[PDB]
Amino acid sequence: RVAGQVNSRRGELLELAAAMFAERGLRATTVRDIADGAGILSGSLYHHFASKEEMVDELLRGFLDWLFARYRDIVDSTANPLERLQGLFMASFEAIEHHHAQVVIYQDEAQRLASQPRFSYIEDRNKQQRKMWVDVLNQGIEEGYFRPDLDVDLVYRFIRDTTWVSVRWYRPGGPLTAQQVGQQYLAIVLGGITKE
């Protein structure tokens, strides 16, 4: 549930914090609020984390390490750029389904946090997934899977935005799973970028 943690007590507390951060906002949530939510003294919460910033650092690193490990496995296991693009696209929806709070915290806070040295990895990961997308789009154009005159930066931003921003409306209690939503978004994107 919390990407990059295990079922340890720390992991339990980070899950509770992530839910609070996602619901209330990071800057609206204190260590005291989290401790109250857990039924513990603040001092006991401070036996697991040095600060709230450290909690958010553990949440975002865990999420990004999980997501980029998925991306690595997808890139390595797919046989051509069309398959690869399909799997990379669906991973956004896997993230929304299973790590919803982390996705929301990323989208609400990562751009702001990225100027702090503690969060220098947010820009590193941003560049890395952009290069990943540009490379699969270029290879798909070069081999004739995708339409030849597509502007790959534009299509990258289209894909990034389309898929990830669905976290703002997707409700896990609703009738469709995130995978079903992703499949339908994918069908549209593929109709629009494949050749023929």
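One-based numbering along the sequence shown.
Relative to its counterpart among 108-116 and 84-92, 108-116 has the higher mean temperature factor, C-alpha atoms as listed in the PDB entry. Across the two stretches, 126-134 and 38-46, the PDB entry reports the greater mean Cα temperature factor for 38-46.
Annotation for residue 160: C-alpha temperature factor in the lowest third relative to the rest of the modelled chain, per the entry. Among the modelled residues of its chain, residue 178 has a C-alpha B-factor that falls in the middle third, as given in the PDB entry. Ranked within its chain, residue 101 lands in the middle third, by CA B factor from the PDB record. In the PDB entry, residue 65 places in the lowest third of its chain by CA B-factor. Among the modelled residues of the chain, residue 191 sits in the middle third by CA temperature factor in this PDB entry.
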